[PDB]
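Next up: just one chain, as structure tokens, the form solved without this ligand.
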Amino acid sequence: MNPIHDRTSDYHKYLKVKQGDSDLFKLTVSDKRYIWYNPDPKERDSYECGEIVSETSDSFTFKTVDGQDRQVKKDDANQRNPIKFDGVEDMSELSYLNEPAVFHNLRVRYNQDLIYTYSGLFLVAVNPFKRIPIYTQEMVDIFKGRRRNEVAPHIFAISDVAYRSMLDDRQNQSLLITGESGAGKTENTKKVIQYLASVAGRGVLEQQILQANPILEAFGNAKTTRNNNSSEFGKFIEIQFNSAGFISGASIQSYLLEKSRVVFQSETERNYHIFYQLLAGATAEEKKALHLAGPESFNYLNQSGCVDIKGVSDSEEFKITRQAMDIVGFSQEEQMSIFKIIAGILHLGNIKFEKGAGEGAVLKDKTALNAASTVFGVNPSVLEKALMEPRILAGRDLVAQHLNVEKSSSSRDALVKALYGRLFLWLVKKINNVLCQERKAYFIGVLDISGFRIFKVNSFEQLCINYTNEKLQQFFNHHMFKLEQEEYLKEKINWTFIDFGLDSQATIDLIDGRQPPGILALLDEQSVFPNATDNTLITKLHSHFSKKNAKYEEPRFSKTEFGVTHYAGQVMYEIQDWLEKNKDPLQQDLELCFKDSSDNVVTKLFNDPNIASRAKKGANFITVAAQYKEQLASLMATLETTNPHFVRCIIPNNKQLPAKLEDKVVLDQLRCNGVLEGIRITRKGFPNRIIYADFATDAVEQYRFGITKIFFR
């Protein structure tokens, strides 16, 4: 029996709306009309349901839950959909398209653990914050080759749609999985990968593809206050296919790894999972060879007050990371070198610099220095001198510096951050060498980049993330609205342009523009100006955009911050240390020291130009901002060669709790993601177009005859 029609199947139980009872039936056939209203107009996102009792030509009168009658203009009314629409799988079918109506549909579904809902062309996924048995091989098999309209909403169905369009249209595809921290991006990304591996698999290559994310998560994920498994890097995964539709390989591109987490963590947060995994999972032999101890013995792990995650066994995770490495193809020697680098970083963090005779730092206790030098295979006396007494050129003269405690400690942190970043780049390169071994015919790209963020402190790293999200929103806007209307106006179907009110260009230009120069261009200019400070930088920004740019704000409450109005709201950025972050400096004597390592992996991190080198940009190296703008432009160009599909992950609350869908939290995300605007284009427009020579020309309202095609709703 077909599980799609079997009321006893797990498909029906977990993916379909439960059969309503005779009491619900009686309510459903009622001719009564209702309105969604705010009992307190100071709380716009808090709604109640009121019955319409009377009407005039331009108004409705309704009874409140309290009993009192209120009047609302028909133009201002948010009518409640007939209850037969409650739980509808595609919200473009709703009679009334409004904020409480959309929220209420999502709520009815969520109360039944139905996390997936369509909003016209795209998928909405509300995080359940609990396990739902809808990702089995049995579920995969049900979704295989079914049309979107034939099955319930699911991450598997949007993945199958992308796969079929790739075969039928001979076009590359993309699945853009977006949302704020902890919304569910990474979980849904993994479901896309699992699905494609199964429906397009032949498998050794498929198993290795499935083992790529567990390796990268051990090194790129950490417990933050918003997510126990927060991704601290963005990723673009290309699943590669041959002409026949079989997976021929995969490619991974990583973005914005949060390197400062290695040296500093906020209270309750953790460093990268790998540090805890190695300390809990190492064999007694490994612990002796790498000079390991408990996380409380390392400065890089004993500052937050948190060394474990509830329900996570770090030693068991370590076995999973090690098995993922074995499957992918990392040798035991390469794995041991990877663990020596992690061990070495922890030892480097324990180096305590002290003031010596007069100005200049000394190292009184060499235990941590020697432990780091042993695992790294470097000379400890050369390491010591490179940290406290690095040599530089003053003109053409060779001068030994003598760094004080603060500068010595900052140089040591720069080395740690360089080691970790370079190791992460190396892991991605090693994974790609295995998974990308054929020339692809087509691809399905899965994008999982860091979500839009408004933290208490927003710095350069938050600007790069929010800028990326701003580019993605514009891409969504262009594909959903602009390009769609441009097709209607070119085909001459007598279309009246709709201003959807979404425009990210001014914010994008404010950040990455060249003429007039944007934030990044001004930061790069200041980064090469010898006398630049945090003060000259903020003054330069204020001079260029204050009272000149509608998206920019010079705050009255601070002298070191500026505001940017993003699609997802205003963000105040602090500029402290942006010059140093943009230069990302590392003392050349440290590079020389590590280039001379006895370790084969450490050597690659300092000698492979594609990992170690910084692009040549004349007088000075390329800045981090210029490098990132370029890497992002390249991502956008790849995305523009694809047919895109959007998955909007919605966090239900800010407490990481299941069964607690919060009005204010969800409605704020729906407004940012353009969910209502997205449903309006699907309803008001002509989503499907087929030519007469693609099936007198009419051969027969809800259609439009165009110049070269017939449009239908």
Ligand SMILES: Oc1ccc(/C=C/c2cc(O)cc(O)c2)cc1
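Numbers follow the displayed sequence, beginning with 1.
This protein has a second form, the form deposited with this ligand bound, left out of what is shown; the following refers to that one.
### Query
Going by heavy atoms within 4.5 Å, which of 62-70, 674-682, 648-656, 43-51 lines up against this ligand in the bound PDB entry?
Only one stretch passes the 4.5 Å heavy-atom test: 648-656.
### Query
According to a 4.5 angstroms non-hydrogen atom cut-off, is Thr268 in contact with this ligand in the bound PDB entry?
It does: once this ligand is placed as it appears in the bound PDB entry, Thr268 has a heavy atom within 4.5 Å of it.
### Query
Does any heavy atom of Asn432 come within 4.5 Å of a heavy atom of this ligand in the bound PDB entry?
Taking the distances in the bound PDB entry, the answer for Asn432 is no, it never comes within 4.5 Å of this ligand.
#### Entry: Close approach of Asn228 to this ligand in the bound PDB entry, 4.5 Å, heavy atom
Result yes; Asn228 sits at the interface with this ligand in the bound PDB entry.
### Task
Would you please decide whether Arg412 lies within 4.5 angstroms of this ligand in the bound PDB entry, comparing each non-hydrogen atom pair?
No, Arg412 sits far enough from this ligand in the bound PDB entry that none of its heavy atoms falls within 4.5 Å.
### Query
Considering this ligand in the bound PDB entry, which of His566, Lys223, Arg80, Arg109 comes within 4.5 Å of it through any heavy atom?
None of the other options qualify; the answer is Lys223.
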